Every structure is written in structure tokens, then in C-alpha cells.
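Each chain, letter by letter, is given below.
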Amino acid sequence: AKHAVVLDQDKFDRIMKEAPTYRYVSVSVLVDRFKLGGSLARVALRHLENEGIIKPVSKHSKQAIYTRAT
Amino acid sequence: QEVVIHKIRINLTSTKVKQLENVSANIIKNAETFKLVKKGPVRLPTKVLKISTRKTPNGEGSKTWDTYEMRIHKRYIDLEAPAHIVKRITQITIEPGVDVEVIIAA
Amino acid sequence: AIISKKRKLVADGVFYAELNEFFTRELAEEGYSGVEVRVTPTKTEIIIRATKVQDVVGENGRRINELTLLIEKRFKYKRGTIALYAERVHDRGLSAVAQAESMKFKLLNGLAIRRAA
Amino acid sequence: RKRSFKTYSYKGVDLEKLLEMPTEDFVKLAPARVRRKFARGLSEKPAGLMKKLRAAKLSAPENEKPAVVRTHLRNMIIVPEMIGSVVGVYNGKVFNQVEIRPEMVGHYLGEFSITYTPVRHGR
Amino acid sequence: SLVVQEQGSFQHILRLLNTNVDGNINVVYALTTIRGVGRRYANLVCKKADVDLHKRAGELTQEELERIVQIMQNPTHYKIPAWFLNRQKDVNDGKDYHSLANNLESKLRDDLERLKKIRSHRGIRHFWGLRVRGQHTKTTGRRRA
Amino acid sequence: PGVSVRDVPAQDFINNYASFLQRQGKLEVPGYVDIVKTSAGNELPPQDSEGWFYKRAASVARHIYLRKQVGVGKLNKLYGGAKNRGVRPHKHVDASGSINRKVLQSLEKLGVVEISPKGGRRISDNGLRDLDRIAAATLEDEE
Amino acid sequence: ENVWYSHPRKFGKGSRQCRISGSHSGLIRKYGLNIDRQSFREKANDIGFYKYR
RNA sequence: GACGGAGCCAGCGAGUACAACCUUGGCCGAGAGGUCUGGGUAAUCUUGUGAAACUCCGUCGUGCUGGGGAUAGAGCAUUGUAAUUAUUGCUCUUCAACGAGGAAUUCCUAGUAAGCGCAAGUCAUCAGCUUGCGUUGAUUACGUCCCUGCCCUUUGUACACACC
Ligand SMILES: [Mg+2]
Ligand SMILES: [Mg+2]
Ligand SMILES: [Mg+2]
Ligand SMILES: [Mg+2]
Ligand SMILES: [Mg+2]
């Protein structure tokens, strides 16, 4: 185990703040930025994916790529 | 007075293909001369019988292997006919090597 | 009677081989070369080629009949269902087996080997 | 005292029940192999050997051991009808002595004999 | 589907049945860390308890834990067929026995002792320190115990 | 025009079927559900515990619809695969024998599957209608 | 004439005899041939067997 | 990647009447399997051998870990008179060595290498093996004698049982 795969409110808040004005919104990228796990990242994305903000490019399993609203 | 159609299958099995073919041709010619409704010399997947063996009697050399194969040729000749005519045909129509066999009835 | 066609053919081949071997063994003095099996309904013809056809024949129905009986005993078939004919081979010189047999005979009796060859 | 150590049971049955059940009951309360064997045709397996064992039991000097019953059928299963008797299991050379205990229940005769010598040089 | 929030309603890093249950693992495959506790068996236990397979191992209500423990002790009292056990129909007692945590090892030891006492081929092999299931060692495993 | 049934991209159809089954509540659960490996080449049952058997059933039904006289053995073969044999290489062993049978029975009970002559199973007419409806729904979802 | 002069030899390499030598060694049971392979590899040509590929 | 699902695709095969074959299809068994009816002395039935590898979604995300299933206990079966020295089979468990392999060197120039199964040979029972056959399917040469082995020429030889 290498940690940073918890839950928390602070983490959620951080995630919320880290969404607009970014080139990549990918699971791997998220993991790299020392955030939540592979499945959790997707969930987080989904929660922000209600009224624009983050929009998909690829829908494939374990190779998902999303980008900001232009 | 008779003439009751049974529909008769003729089996032609063998190895030496040329002979078999000749026999088939002969049969068809005979059918033509007695003038009958008939399905042709229907050919089946010519079964190969493979027996693969170490060439060595005793297992001391390089691992040479030989596939001894037996080519088989299965032929169906279907006749729309009574039995008497078939019997007449099968009085002759036998050539060495080739198996002549009458299945009889549909 | 009746098996799978392939199997039947294989069995027939084996039978032929066996017969050939027997003739090589039994008809050694008779100068045998080849067997020519013809299987028809009821009467199965068995042609046999030899150098000394007279020996094979015997004195009208001697050895040949015995051989027929033996064959019947071997393969369950009845009297009349197996027929045996003994024939002259058309020039033995081209036939290798016959030549080999002749050579063997020459060797066994007592003769020069190289010269015989 | 009321219970001696712990009851040496087959599948929840005491020695008061174990010694008196015959073969069928043992089979019922046994590993599958034994059952299978019972199912297949029995001849010359429990024929004379069993009789010999019984004779030994009868002719025992009391409290002491019965006579050692020699077996070639080392593929035989140990049944609680003859606990206490000594069996001479054949290995090619020497019928070797084996005790029949309250814990040899439904095991094989061969697994207490061994033909070859155990390994030397180093364990 | 949703991230589990709150400040700290459920406590991380657990200790259940004489051993340790590490968090950050989803339900089942932290219970495999327990000596003897199954995969399929674990799943069955979870089902019996009535827990979702989305929670973390570093969570769980106390009541739920108690229920799980109860399930572990007796396979017969709850809806478990119980032929997924270390001792089914059994070698001595003749019931339904799937040993738990630090007890399985003890049971194994006892069995070994029994085998030794009997002096079966297997027992002999064990004593020697070799190969039980007719496996040959002419070539393989040249260090051993 | 014409509402098609085969033209559905596989998984969606199955999902729809599952949803329908969930809505109805009429199937009769085998009972040995979750206490089973489902495949002989399995170390884990279905991952989502409850459900997934429904999906399996749906898949079976779809296969039946596609083909002619279909039986238990064939189903087993279908839902088998590769065995983790450790040191030994993989073979091919089939699915659990009874579970598929149970599924078939359940389908028969609901009226999706009918018994065919010669040896196997086919589709009931009400069942066919239901399948068609499901397909239509799926199409609507897509369109 | 002795009473016990046969083992239960229903199968195995024992019951399986060759058609020429009677060997229990390398017996092509296939196609109902029952020959020790070596002999076959000599007689095969007459048995109708040939090699092509 | 792993595990579930879910999708779903070959080609060689071979297989009984005087027997103990290949065996569908249906009820009972979590498996393993059994049983009643078959069909096939075989392009016709097992069989479209609905094989694996592969392709979609979710769950766990670089931990000797859910990678890996190795030493092992327990039942039920099955084969065969006979299974202990697990024949084999599946189920729960235990869950180790092994984080891309040192010196050497094997194989290969296209449906070739490698992967992935199937079938036959075996065979009462067993596959990790062989033969075969498909199924995915590239890198880099398209050369040269440097190494290895052979080959021929020219050379020398006191060897010709020939450099052991
Ligand atoms: Mg793997
Ligand atoms: Mg086919
Ligand atoms: Mg582990
Ligand atoms: Mg082998
Ligand atoms: Mg000089």
C-alpha cells in the first residue's frame, strides 16, 4: 500500500477545485497527481459531470479520457 | 406389371481412384441404357486414414516420423428404380479392387 | 460381416498381407510370387502366381484345396465362398520377388554366390 | 473422571458402538474409497483371513495379544471388528507386524508396512 | 456510484477474530488476509450479514461485525450448505467444522500428531520432512525444509 | 418499416432483459444462487452477487432466439472456458450442469422458452413477443 | 489343467496382442489393426498404406 | 492486468453388435456427475466439435498483493478385481518460491517466430508429451565467411588399422 486512496471531505473539496482550466482530465493523470484510486476517480468525474464542466472524449474501459468545457 | 419405385443407393468405396471412377462411369452408362431417373455419382469427403510412426524400429537415432496414409473414396449412386432393374444392373458391373455395395430401399 | 467402411478396407488389406505372408511361407517350394484377391458377392476369387504352378495345383485338387480349407478356417467363411486359382506369371524376369526366391533357392542348395547373382 | 481423554470416534460413535456394528455400518460411516470397494464384487477378500482373526481372538491367552494374522492382501481396509489383533503384512520379504488400534479406523493395510528402505545420507 | 463522505463516522484499520483486518480494501479481499477465512466463504458470510460489496474494510458497524463473527462460528445455524469446510463429515467428531483464525493451525498440528501416533506412510513422510502426495524428488526442489 | 431484434449490440439487449426481469419479479430463484461457482473454471462466483444470474438467463434466452434446437450440454459448453490449472496448461471444461438447467426451467415457467422436438429447446410465442418488445425499448433508448 | 492359471486380463498391454509377433510393445490399435509398429512400417505398403505427405 | 459477467469464432479429427465405443436430449447433484431414452457400425448422430486466445462494462489499482497457487488437510465421485506411494476429478481451505533470470547458448527469414487451444497417438484410468490441425500473428535480414561446422582446390606428410 502507498496510501492516498482514502475518502475525506477535504480531498473532495480539493477535487472540486481542481477541474476548470486543464488540458487533461484522465484517470491515470488523476492518479499521478496523488489523488484517489482508479474507480474512485471515475465516480468523482461523474459527480462533476452534471451541468457541463467536464466532457468525455473516449468511453473505453480503463483507458478513459475527458476534457474541460470550451 | 410390377414397377414399384424403391429408390436405391449404390456404395462405391476403394483406394485406387482411377478404377473407382471407371466403375462409376460404367454404372452411369448402364443406367442411361436402361433409361432411369437417377442422382449422380455423389462424392463424399475422401477420408484419409493417417498412421504416423517413428521410422526407427528402436528409438535410437534422430526423431524421424512417417505418416502412412490411406486414401479412401466413398461414392453414392442414387437410383429412382425398382429392385429388379438394380439386380439386372448388378449381374455385371464389378471391377477388381473397387467395392460394389447395394444399400437398397429409401 | 459389416463394419465401418474405412475399418473394413483396413481389415481387408491386413487379410491380404497375411495371405501373402502365408503363401511366401507355405508355397516356398512352389515358387510363389504374388496374390491377386478379387472379392465379389458369394464367390471370392483368389488368384495366386508362381513359377512352379504344377506343384501348387498338385495332382488335381491336392494342395490348393488344402490351402482353401486353411483359409476358410482362418476367416470363418464356408466352402464355395473362397476359390483359389494358380497361374503362370508372364515372364518371371521382370518380377523381383520370384527372382529373389530363385536366388535364395540357389544359395540354399549349394552354389557360387557371385556367379549366381 | 467420566470421559477418558477424548472419545476415539469414527464420525461421532464411541468404542462401545465401534466394536459391535459389522462391516456395512463401517462402510456407511466411511471414506468413499471403502464404500466403492464394498459396492464392487467381493470374493476371497474377507474369506479366510477374517476367520483366522476370529480364531486368534478366541484362542488368545486373555488380556494378551491374539495370534499374528499374515496377509498378502495389503490392499485391505482396517475395520473395527478386529481391533487388538496383530497383522503380518507382506512386502515381498517378511510379513511385517502391525497393531490394530482404536485409531486405525478405515485406513489401508499397506500404509503401515513399506517395502523399500527409508532414505539415508541426510534428512 | 457515490463516494462515502462524513468527517469520521467509521474508524479505519480493523482487528477482527484474533488477527488484523487492514483497510483500503473492498470487503472480501481483506478477509482473505485472515488465516483460514475464505473467498467464496467470506462472500457468503457477507451476504448472510447483509452488507453491500462497495464498502471499505476500514469501516463496518459493530453490530455487523458481531453478526459476521456469529456466522463464522456456526455454519449450521445460518443458511449455509456447509460442504465448503476444512472438516466435512469429519475424521473424528462427525459434524460440520470450518475452523477459524488461530485455531486452524492448532487443528492441523493435532491432526499431524494423530497421524504420527498411528504411524501411517504419510505420517512417516512428515516425520522425515519430505513429500506426501506421491510426488518424486529425484530432480525438483534441492533445498527442502 | 420494421422493428428488429437481432440488430441490437448484444450487451444492451441483455441489460434491458435484466431490467425487465427485475421489474416483473417473476422468475423463481434457483436457490443455489451465490452458493455456487457457476463455472467449473471459477474461483469467484458473479461479482455483483444479486443479479448477474438474471443477465445470464437473458443471454441464454437471446441465444435460444438466435438458434434452433438448443440443449443443456451446448449451454454448458458455451459458458465454460479456460481453467487455471497451475503448473499444468489450460484445458476446456464446461459450466455448472444444474444451474443452467434450473435457468432453463425458470424460463419455461415464465413462458419464454418452449420444449422442441428432436432434442432441445425453442422460443414460446408470448416469449417471442416479450423479446420483440424489449428490442423495441432498446431501440427507443438508442433513438 | 491347473485351476488358477489366469489373471483378470480383460485389458492392459497383456490382453492386447499383435497380429504378427504377439508383442505388447508399441501396438497400433487404431482402425482395428493391432500391429506392433515396426512390422507395420514394413508391411504397410500391402496393407494399402502409403506415404505422400 | 485480474476476475466476473457478457459477446462469441475453427480446422484436423476419430467414434459400437457380439458388444461394452463416441454418446446427445430431459429431470436429480454447487461440483465432480449419475440415470431413463436415444442417434451414429458414421459429411447424415455426438458436432456449427458454439476450443481456447481474443472483444465490452463494472469491481481492485503499481503491496511477495485480488500477480502467482506452490508444500498441504478434508469429503463426495469415477476408472478398474485391486488407487495407500493423493490414478484422476471438482469444492473450501492453506496460500510459499518467484519483482524478468549470471556464465553459456538453442530456434528461427512469412501466415513463417511467438502466442492460443483442439484432435489424434497413446488409452480400463490418466497430458503438462508427442504427432497433427486450425486460431491470432509481428520485429529484423534478404547478407557474409568474423566465429562454428562442413565442402572442394592448391600445398606438405615418414599416416593408410589414416593423427584417438
Ligand atoms: Mg494467467
Ligand atoms: Mg463437423
Ligand atoms: Mg496471499
Ligand atoms: Mg508422453
Ligand atoms: Mg618435402
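Residues numbered from 1 in each chain as written, not as in the entry; some residues may be left out. Chains lettered and ligands numbered in written order. Part of a larger assembly, values for the part shown. Heavy atoms only, no water. Residues with missing side-chain atoms left out of burial classes, pairs and counts.

1. Comments concerning the overall build of chain D
Across its full length, chain D carries 4 helices and 3 strands. Overall size of chain D, expressed as C-alpha extent along the three principal axes, is 50 × 40 × 35 Å. In chain D, once contacts between residues fewer than 6 apart in sequence are set aside, the share between residues at least 24 apart is 43%. (Helix = DSSP H or I, 4+ residues; strand = E, 2+ residues; numbered from the N terminus. Contact = heavy atoms within 4.5 Å.)

2. As for the arrangement of the chains
For this structure, the chain pair with the highest number of contacts among 6 pairs of chains in contact is chains B and G. The closest approach of any C-alpha atom in chain B to one in chain E is 24 Å; the two make no contact. Here chain A and chain G are not in contact; the least distance found between their C-alpha atoms is 48 Å.

3. Points about a nonpolar patch on the surface
On the surface, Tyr24, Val57 and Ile65 of chain A cluster together into a nonpolar patch covering about 320 Å² of accessible area. In this fold, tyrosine 24 of chain A is placed in the loop between α1 (10-17) and β1 (25-26). (Patch = residues over 30% accessible without salt bridge, like charges linked within 9 Å, V, L, I, M, F, W, Y side chains within 5 Å. Areas by Shrake-Rupley, 256 points an atom, 1.4 Å probe, with all protein chains shown as cover. Salt bridge = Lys/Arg side-chain N within 4 Å of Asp/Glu carboxyl O.)

4. Examining the pairing of strand β2 (residues 86-89) of chain D
All names here are of chain D. On β2, burial covers both faces: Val86 and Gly88 on one face and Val87 and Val89 on the other are all buried. Bridge count between β2 and strand β3 (residues 96-99): 4 bridges; the pairing is antiparallel. Note that in β3 the partner of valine 89 across the bridge is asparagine 96. (Buried < 20%, exposed > 50% of the residue type's maximum accessible area, 1.4 Å probe, protein only. Pairing = 2+ DSSP bridges.)

5. Some thoughts on a positive patch on the surface
Together, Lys2, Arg3 and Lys6 of chain D together with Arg114 of chain E give the surface a local cluster of positive charge. By relative accessible area, which is 89% here, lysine 2 of chain D ends up exposed. (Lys, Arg positive; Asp, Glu negative; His and termini not counted. Charge placed at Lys NZ, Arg CZ, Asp CG, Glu CD.)

6. What about the side chain of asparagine 76 of chain F?
All names here are of chain F. Tracing the backbone shows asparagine 76 in helix α3 (residues 72-78). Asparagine 76 sits in the buried class, given a relative accessible area of 9%. With sequence-adjacent residues up to four places away left out, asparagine 76 is seen in contact with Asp94, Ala95, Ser96, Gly97 and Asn100.

7. Some thoughts on a negative patch on the surface
Residues and elements named next belong to chain F. A cluster of acidic residues, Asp12, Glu140, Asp141, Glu142 and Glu143, forms a negative patch on the protein surface. The leading source of residues in the negative patch is helix α5 (residues 125-142), at 3 residues. If you trace the backbone, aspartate 12 turns up in helix α1 (residues 11-24).

8. A word on the protein's contact with RNA strand H
For RNA strand H, the set of nearby residues contains 136 residues, the closest of which are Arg33 and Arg36 of chain D together with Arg39, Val132 and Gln135 of chain E. When atoms of RNA strand H within 4 Å of the protein are sorted by moiety, sugar and phosphate together comprise 72%. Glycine 73 of chain F has a polar backbone atom sitting 3.1 Å from a phosphate oxygen of RNA strand H. Taking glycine 86 of chain F, its main chain carries an N or O atom lying 3.2 Å from a phosphate oxygen of RNA strand H. The element best represented in the surface near RNA strand H is helix α4 (residues 97-110) of chain F, accounting for 7 residues. The residue inventory of the surface near RNA strand H, partitioned by class, reads 47 nonpolar, 44 polar and 45 charged. (Near = heavy atom within 4 Å. Polar contact = N/O pair within 3.5 Å; in protein donor to acceptor, adjacent residues only side chain to side chain. Nonpolar A, V, L, I, M, F, W, Y, C, P; charged D, E, K, R; others polar.)

9. Quick look at the interface of chain B and chain C
Put simply, an interface is often sized by how much accessible area is lost when its parts join up. Facing 13 residues of chain B, the contacting portion of chain C comprises 7 residues. Note on chain B versus chain C: buried area summed over both sides is about 790 Å², and carbon and sulfur give 75% of it. The largest per-residue losses of area from chain B upon contact with chain C belong to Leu49, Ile94 and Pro96 of chain B, which jointly make up 36% of the total buried on that side. Viewed at the interface, chain C and chain B are joined by 0 salt bridges. Put simply, chain B and chain C have 0 residue pairs in polar contact between them. Among the elements of the structure, β1 (8-14) and β6 (99-102) of chain B are those that each provide at least two residues to the side of chain B that touches chain C. It is β1 of chain B that contributes the most residues to the side of chain B that touches chain C, 3 residues altogether. (Buried area = accessible area lost by both parts, 1.4 Å probe.)

10. Digging into unusual backbone geometry
Note: most residues except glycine have negative phi, and most peptide bonds are trans. Residues and elements named next belong to chain A. Even without a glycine there, the phi angle at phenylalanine 34 is positive, about 55°. Among the structural elements, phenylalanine 34 can be located in the loop between α2 (27-32) and α3 (38-48). Classification of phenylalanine 34 as exposed rests on a relative accessible area of 70%. For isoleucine 53, which is not a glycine, the phi torsion comes out positive at approximately 60°. Counting through the fold element by element, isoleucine 53 comes out in the loop between α3 and β2 (54-58). Take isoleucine 53: its relative accessible area is 40%, and that puts it in the partly exposed class.

11. Re the nonpolar core
Counting 28 residues, the largest nonpolar core has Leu16, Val21, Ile68 and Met72 of chain E as its most contacted members. For this core, the secondary-structure elements that each account for two or more residues are α1 (40-49) and α2 (62-73) of chain E. Broken down by element, the residue count for this core peaks at 6 residues, all from α1 of chain E. Counting residues in hydrophobic clusters, the runner-up holds 25 residues, among them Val13, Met82, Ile100 and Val105 of chain D. (Core = buried A, V, L, I, M, F, W, Y, C linked by side-chain atoms within 4.5 Å.)

12. A short note on the packing of aromatic side chains
Scanning all chains against the criterion turns up 7 aromatic pairs over all chains. Ring geometry for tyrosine 50 of chain G and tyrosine 52 of chain G: centres 6.2 Å apart, planes at 15°, overall stacked. Put simply, the rings of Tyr68 of chain B together with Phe40 and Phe49 of chain G touch in pairs and so form one group of aromatic residues. One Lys or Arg, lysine 116 of chain E, reaches over the ring of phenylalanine 127 of chain E and ends 5.5 Å from the middle of that ring. (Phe/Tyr/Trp six-rings, centres within 6.5 Å; stacked < 30°, edge-to-face > 60°. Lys NZ or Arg CZ within 6 Å of the ring centre and 35° of its normal.)

13. Description of the packing of α1 of chain F against helix α2 (residues 53-66) of chain F
A pair of packed helices is characterised by two quantities: the angle between their axes and the separation of those axes. Residues and elements named next belong to chain F. Packing of α1 against α2 brings their axes to within 8 Å, and their N-to-C directions diverge by 120°. As far as their axial angle goes, α2 and α1 are oblique. Here α1 and α2 pass one another in a crossing that is right-handed. In this structure, α1 contributes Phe13, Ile14, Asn15, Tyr17, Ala18 and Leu21 to the contact, and α2 contributes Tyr54, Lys55, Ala58, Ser59 and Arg62. (Axes fitted to C-alpha atoms, helices over the stretch in contact; angles between N-to-C directions. Parallel < 35°, antiparallel > 145°, perpendicular 65-115°, else oblique. Left-handed = near helix turned anticlockwise from the far one by under 90°.)

14. Quick notes on the sheet that holds β3 of chain D
Think of a sheet as strands paired side by side through backbone hydrogen bonds, with each pair either parallel or antiparallel. Residue and element names in this part refer to chain D. Overall, mixed pairing links the 3 strands, which are arranged β1-β2-β3 in an open sheet. Each having just a single partner strand, β1 (69-71) and β3 make up the two edges of the open sheet. Neighbour to neighbour, the strand axes of the sheet diverge by 35° on average, direction disregarded. Contacting β1 and β2, helix α4 (residues 48-58) crosses the sheet at an angle of about 165° to β1.

15. Considering the environment of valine 48 of chain B
Assignment of secondary structure puts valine 48 of chain B in strand β3 (residues 48-54). Take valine 48 of chain B: its relative accessible area is 30%, and that puts it in the partly exposed class. Residues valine 48 of chain B and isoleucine 94 of chain B, spaced 46 residues apart in sequence, show a C-alpha to C-alpha distance of 24 Å. Beyond its immediate chain neighbours, meaning those up to four positions away, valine 48 of chain B contacts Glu69, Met70 and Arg71 of chain B together with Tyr31 of chain G.

16. Notes on the interface of chain B and chain G
Counting residues at the interface gives 15 residues for chain B, matched by 16 residues for chain G. The junction of chain B with chain G conceals about 1,500 Å² of combined surface from both sides, 59% of it contributed by carbon and sulfur atoms. If you sort the residues of chain B by the area they bury against chain G, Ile51, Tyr68 and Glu69 of chain B come out on top, with a joint share of 43%. Across the chain B-chain G interface, the total number found is 2 salt bridges. For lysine 51 of chain G, the salt bridge is made with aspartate 66 of chain B, and the minimal N-O distance between the two is 3.5 Å. One can count 10 residue pairs in polar contact joining chain B with chain G. Those elements giving two or more residues to the side of chain B that touches chain G turn out to be β3 and β4 (65-71) of chain B. Taken together, the residues of the side of chain B that touches chain G sort by class into 6 nonpolar, 3 polar and 6 charged.

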